[PDB]
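Below: the structure, in C-alpha cells.
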Amino acid sequence: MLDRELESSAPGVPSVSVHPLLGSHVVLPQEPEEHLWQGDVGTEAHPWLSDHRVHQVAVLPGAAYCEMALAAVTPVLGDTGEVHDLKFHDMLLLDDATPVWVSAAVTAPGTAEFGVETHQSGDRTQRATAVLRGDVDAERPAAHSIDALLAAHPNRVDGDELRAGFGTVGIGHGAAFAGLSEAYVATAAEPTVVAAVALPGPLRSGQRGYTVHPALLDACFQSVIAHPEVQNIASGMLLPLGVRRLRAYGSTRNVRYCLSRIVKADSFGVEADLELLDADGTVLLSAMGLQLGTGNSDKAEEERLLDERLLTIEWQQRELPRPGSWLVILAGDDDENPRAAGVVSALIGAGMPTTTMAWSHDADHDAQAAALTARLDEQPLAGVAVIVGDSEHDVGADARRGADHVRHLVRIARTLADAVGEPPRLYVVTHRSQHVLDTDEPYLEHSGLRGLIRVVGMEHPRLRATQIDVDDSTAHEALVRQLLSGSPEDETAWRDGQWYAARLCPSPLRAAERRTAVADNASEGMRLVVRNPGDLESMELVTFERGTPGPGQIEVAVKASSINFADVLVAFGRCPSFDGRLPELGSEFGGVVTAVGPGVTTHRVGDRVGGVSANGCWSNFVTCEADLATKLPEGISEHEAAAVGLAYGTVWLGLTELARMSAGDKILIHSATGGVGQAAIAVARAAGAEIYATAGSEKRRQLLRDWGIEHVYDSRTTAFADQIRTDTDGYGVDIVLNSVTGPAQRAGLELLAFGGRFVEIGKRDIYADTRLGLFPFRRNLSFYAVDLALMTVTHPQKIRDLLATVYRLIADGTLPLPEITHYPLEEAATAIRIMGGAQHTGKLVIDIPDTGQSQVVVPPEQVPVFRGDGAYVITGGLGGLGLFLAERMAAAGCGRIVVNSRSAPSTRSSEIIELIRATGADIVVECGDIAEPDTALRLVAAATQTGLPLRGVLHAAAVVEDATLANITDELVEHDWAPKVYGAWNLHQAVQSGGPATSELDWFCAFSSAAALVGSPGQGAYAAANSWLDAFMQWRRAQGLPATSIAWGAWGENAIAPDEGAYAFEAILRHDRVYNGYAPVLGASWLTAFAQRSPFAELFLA
Amino acid sequence: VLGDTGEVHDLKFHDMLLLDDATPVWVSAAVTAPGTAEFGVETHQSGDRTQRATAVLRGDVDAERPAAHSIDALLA
Ligand SMILES: NC(=O)c1ccc[n+]([C@@H]2O[C@H](COP(=O)([O-])OP(=O)(O)OC[C@H]3O[C@@H](n4cnc5c(N)ncnc54)[C@H](OP(=O)(O)O)[C@@H]3O)[C@@H](O)[C@H]2O)c1
C-alpha cells in the first residue's frame, strides 16, 4: 500500500529485528566485550520444535545450539568465523515457554567463550558451551560433482525407513525433522554418505534469520546413521554430543544435499565430518567432528538397559463392570468340593441352565473325554468352569500333585480346543495358586497351572483361557458374578470380597526393592544420606563397612554432630562446591577415638575429640585425618563441641582474625538468630563492638530486640542500608558479616565506611561470578572470602587450630554457647524442614545413638553375593548358562563352585573347567539327577567340604521338551517338571537338612523362563514347570528363607547377550526382589500381538 | 519491572551526559523489596562507568488521582 506507507511515514512503532532463537541482544557495560541474549525456545513460540522428541518428550535438538553458536559469531567477532569445540551438556526439555540465555565473552582477540544456559527458580543449568573464532582463514572447500557423487553411491536408503528406525531407540522426528528424503551409500569400505536433505515446505517461510535452520541441520546429522558401518557397529541410541568445528560459507536456503564422511565408528560412539551442498555442489556449511553417542557413561548405559529389560507381574484392585447355558467340571471326584457345589447353585440361582461333569484322576480319560465332547455338541454353552480340587502344608506332596493337575488340565483343555462349533470360554478356578497380597503364603499344586492356561490362551485364543485364583473366604455369589459379567481379564484373583486383576509391567525400582537390614549403633557402620537431593523423604540411613584407619587417620565414635545450613543446601541439592562434587551430610562432629591409624603420636585411643571430616559426620563412626581432630578440653562435651565448631570457627576467623574486630567499631550481623549469627553476637559483645543485626521474620527480629540489641532490621530487603545510615548519622558500619546475596551484598558494601571490612561467608555470589563494582573500595575497604570447607583441604592445620581455639574459649567461658536444640538421628529430616523454612533459632544438633539399640538400615550394593570365604552350588552347570555363570563367578572371586549336571562333562566343557582351575578358583564337578534327593545332599556336602559355608545356590538345571497341546504327552510333562520343581524342593531340603554351614546363605536363585510369563506356544509343559518354581520362590521368601527367580529371555551363546545377563543376574541379587523378568521388550512381535489380544499387557500397548 | 501502575521515587540526575552521534546508555532496574526497585542509568566509555541518573520505583502506591482543574478559570 503506497498510501498506507506514506501515512505511516509519521507514526512508526519502535521495533527491532532479532534472531529467532537468540532473541534480544544486550552488550554488557564491562570489559571484556561481553554479549548476552535472552530468548524463548518453547513449543508455543516455535511449534516445529515439538516435532523433535526423545522418549515422547519434546527436547531441544543438538542442531539448535549449533545455530545459536554460528549466529553469535558475527556480532561478537565482527567478521567471518568458526565455532570450535561445541559441547552439549544436559538435555533441554521444552514446555510452551522455555526462556534461554546465550552469552559470549571475548577472552583473547579473535576468540570468545560461548555458552547457552537456562535459569529455573534461581538454579542455572548449562546446556551448551563452545569457542568462537574469527581469526580463522577463509578456506572454502571446493564444490563437488553431485552427478559423480551420486554415481559413486548407488545403494539408496529411504528417509522414512531410517526415521522409523530412530523411533525404536526412542528418538522421534516429526514433520519438521523429516527433511532427509533419502541417503545414498555404497559399502562399509567406502566411508561417505550422499544425502538428499531439504528444509520442509512449512518451514521454508520460517527460514527468517537462521544461519542454518536447526530442522535442516538435524536432518544432516540423521544422514550419518544411514552409513552401513554405523548401522552394523553402533546399533544403539545415537544422539549428537558436540561438534569440533562449524563454519558457514554462505546461505543454506538452497541446500539440497549433505555429504557425510565417517571418521570413526565404534561401539561407544561415531565421529563424522559433514558438508552441506547446494544443487550445483558448492559447499554452504561444514561440520567437522560431529560427535554422536550413547548419551552418558558406559556404566550408566548398563543401568539404563537393565531397567528397560526387567519385568514383574502386579495386581490391581478392580471392580466387576457392566451391564446362556453353562458347564461346571471338576478335577478330583473322591474330594467333595464346596466351591464346585456353591458355584453350580449360584449359577442356577442367577438363572442359567448349568450341567455338572466329574472328571477325576485315575479314571478312563479317553471315555470321559468322549463324554465331554458329546455334552458340547449336544447343547451350545457360553462358558465352561474348571474347578480344580484341593487335597485335604507339605510342599513335597504338593510338588508331586502339581504335575498330576497339569497333566489333567491338558486332557481337559485338549478336548475343548477340539470342538466342532464355536469353543466356549474356558474359566479355570484355582485355590490360592499364586501370590497377590503381600501377606499371602501360596498354596501350591495349582501353582503350575498359571503357565499352562497362559499357553492354552495363546495356542487356542477362541476359548479365552481365563484363570480365577480364589481363597477360602470369598463367597460363591461374588465368584459367579465374574463368570456372568464377561470381563476380558485373563488373569484374575479373589481375596475376601475384593476382585484383583494382574497386569505385566517393568518395575526396576531401588526403594523397597532394595535390601534391608538391622544394625547395632555401638558396633556396625550406619550413616545418614539423601539418595536424591531435593526430596527430604529420600533421606536414608545407609550402612558402611567401618575399616581400619591409617596412615595418619583416626576412627572416631561420634556421640553427636551439628546441622549447619550448608547441610540443608546439600539436602535440597542447592549446595555450591569448588570440587564440583556435592558434599556429604555432616561437616563437624564430637566423639571419642576408636582407633588410631599407623602412625600418629598426636592422638590416643579413648581421647574425647571434636573435629571435621566430610565423608558423612551423621554416623556412628567417622574416619577423619589427624590434621582435623583435636582433644576436647574438660569444660565442653562432645555435643557442646559438635555445635560450636564451625559457627564459632567461621566467626573467629572472620571477625577477630581477618577483620581484626576492634572494640567500639560497628558491626552488621546478617540473620543473627542463626548459629553463625549467635556466635557473631557473642564475639562482637566480647570485643565490645556496637551490633546492628538483621532477620527475616518479625518474631525473629523481636527476639534480637529482646536479646538487648537495639538496631534490628529486615534481612530480606535492602532497607537496612539506608536505615543504618540514618541510625549512625551517615557513618554506616565498619565490619559486615555478609551471609546475604545479590543487591543486599552490594548494599552492605556501600554501607561500611573507611574501616571497611566486608567478610563474605556467603558462597552464592562468588560461585555465580558476580561482577562486584569496585568503586566503594575508594575508602580503603577490604573484602574477605571465607570457605572453611575448602580450607579443611588446602590448610587443615589452620582449621585444626581454629577449632581448638574456639573449643578453648567456649570451655574457659570466654564465649557463651548459643541456643542448641537437640534432634535424634531419626528426626533429622524434620530439623531440615524447620531450619530450611527459617523457623529455627540458634543451633540444631544431631544426637547419634550411643546405645546397644538396633536401627533399621539399607545395604545398597555392599551386598556380598560373590565371595572367596563362601562356597556355591550350580545345577545345570556343565552346560548352557550355568557354565558361563560359573566361569564369570570364578573370575568374580569365588571359593569352591560345585557344578552339577546328570550327564558327564563334554570335551569343550572339560576345557573350560581346566582353564578356570588353572586360574586359581577351584571348580568341583559332582554329577547327578537333582530330581533324586541324594544328589542335592551330595552337592551341598561337596561344596562345604573345603571348610567353606554355602553362601548361594543357582537352579539352572532344566529340560525342554516342546509340543502343541494336542501332542503334549503325560510322560513329556514329567520330563520338564522333574528337574525344575523336584530339584528345587530337593535343593531347599538339602539346605535345611545341612548343618550350620548351609544355614548362612545369602541367596537361592532359580532360572525361570519368559515363556511362562507371556505364554510362548508349544512350550506348555516347560511353562507350567516354571510357574510352579516361580511360586515356590515366593513361598520360600514367605517362610523367611532367601529366594529369587529370573524369567530369562533369548540368549546368544533383540535377544539377550551373554555379558548383558551376567550384570543383570549380579544386580538382581544385590536387590530384595523375588520375581524378576529379564527379556528383550522394545517393540517385539510377540508383545504387540499379546497386548492387543488380552488386557493383561495393557501398559505395553500404550 | 512491576507489572502495574507505578510511581518513580527520588529521581536524581548527577553528571551531565554530553551527546555525540552515538551515546550508548544502560538502564538497569532491580527489585530489592516487594513492589520496590532500585533504578539506575549509566554510561561506560573508555572503561569509566558514569552513573548519570538514579531512582527507586514503586508499584504499591495508591492511585489518588488529583482533582481536575478548570482550564478557563485558571487562565482568568
Ligand atoms: N565456610 C563458609 O563459607 C561458611 C560457614 C558457615 C556458614 N556460612 C554461611 O552462613 C550462613 C548461615 O549459617 P548457619 O547455619 O550458621 O546460620 P543459620 O541462620 O542457621 O542459617 C539459615 C538462615 O538463612 C536464612 N535464609 C535465607 N534464605 C533462606 C532459605 N531459602 N531457606 C532457609 N533459610 C534461608 C534464614 O534467616 P533469616 O530468615 O533470619 O534471614 C535462616 O535462618 C549460610 O548461608 C551459610 O552458607 C558460610
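Computed from the coordinates by the stated procedures, all read-outs in this text should not be read as laboratory data. Methodologically, a virtual Cβ is constructed for each residue, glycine included, from the backbone with ideal geometry; neighbour enumeration extends over all protein chains shown.
The table below lists the values:
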| read-out | value |
| --- | --- |
| Convex hull volume per residue for the range A:434-532, taking Cα atoms only, in Å³ | 188 Å³ |
| For the range A:241-357, Kirkwood radius (reciprocal of mean inverse C-alpha pair distance, Å) | 21.9 Å |
| Separation of alpha-carbon centers, the range A:1028-1102 and the range A:919-965, rounded to whole Å | 23 Å |
| Ranked A:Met357, B:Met16, criterion: other C-beta atoms within 10 Å, fewest first | B:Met16, A:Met357 |
| Dipole of the protein assembly as shown, positive end: most advanced residue of A:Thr814, A:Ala130, A:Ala279 [Cβ charges, Cα centre] | A:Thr814 |
| For the range A:340-368 and the range A:264-329, distance of Cα centres in Å | 51 Å |
| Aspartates and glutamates whose Cα lies under 16 Å from that of A:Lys299, excluding same-chain neighbours fewer than 8 positions away | A:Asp307, A:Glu308, A:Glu861, A:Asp1059, A:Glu1060, A:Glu1066 |
| Candidate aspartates and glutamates - alpha carbon under 19 Å from A:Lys666, same-chain residues fewer than 8 apart omitted | A:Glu657, A:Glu690, A:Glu710, A:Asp714, A:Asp722, A:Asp727, A:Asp729, A:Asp734, A:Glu750, A:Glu760 |
| Neighbour net charge for A:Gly590 - beta-carbon separation under 9 angstrom, K R +1, D E -1 | -1 |
| Inter-part distance where the range A:702-757 and the range B:1-37 are each reduced to a Cα centre, Å | 24 Å |
| Convex hull volume per residue for the range A:300-364, taking Cα atoms only, in Å³ | 235 Å³ |
| Alpha-carbon radius of gyration plus Dmax, which is the widest Cα pair, for the range A:332-442 in Å | 15.3, 45 |
| Dipole-positive endmost among A:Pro576, A:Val530, A:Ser297 within the protein assembly as shown (Cβ charges, Cα centre) | A:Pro576 |
| P(r) of the range A:850-954 over all Cα-Cα pairs, binned every 10 Å from zero, in whole percent | 15, 44, 25, 9, 5, 1, 0 |
| Percent of C-alpha pairs per 10 Å bin, the range A:592-672, short to long | 14, 40, 27, 15, 4 |
| No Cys partner within the rule (Cβ under 4.7 Å), chain A | A:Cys66, A:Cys505, A:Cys575, A:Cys617, A:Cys624, A:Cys894, A:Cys927, A:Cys1005 |
| Span per principal axis, largest first, for the Cα atoms of the range A:182-308 (Å) | 45, 32, 25 |
| Radius 9 Å from Cβ of A:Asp665, net charge of other residues (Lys, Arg +1; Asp, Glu -1) | 0 |
| Estimated 222 nm signal from helices in the protein assembly as shown, with DSSP H stretches of n ≥ 4 weighted -39500 (n - 2.57), rounded to 500 | -9000 deg cm²/dmol |
| Cα Rg, Dmax (largest Cα-Cα span) when computed across the range A:729-872, Å | 22.9, 83 |
| Convex hull (Cα only) mean projected area of the protein assembly as shown, reported in nm² to one decimal | 66.8 nm² |
| Compactness of the range A:132-230 - radius of gyration and Dmax, Cα, Å | 15.3, 44 |
| Packing-based exposure ordering (other Cβ within 10 Å, fewest first) of A:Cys927, A:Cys624 | A:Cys927, A:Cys624 |
| Relative compactness, chain B, computed as alpha-carbon Rg over 2.2 N^0.38 Å | 1.54 |
| Neighbour-count ranking [beta-carbon atoms within 10 angstrom, fewest first] of A:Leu1082, A:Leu948 | A:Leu1082, A:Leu948 |
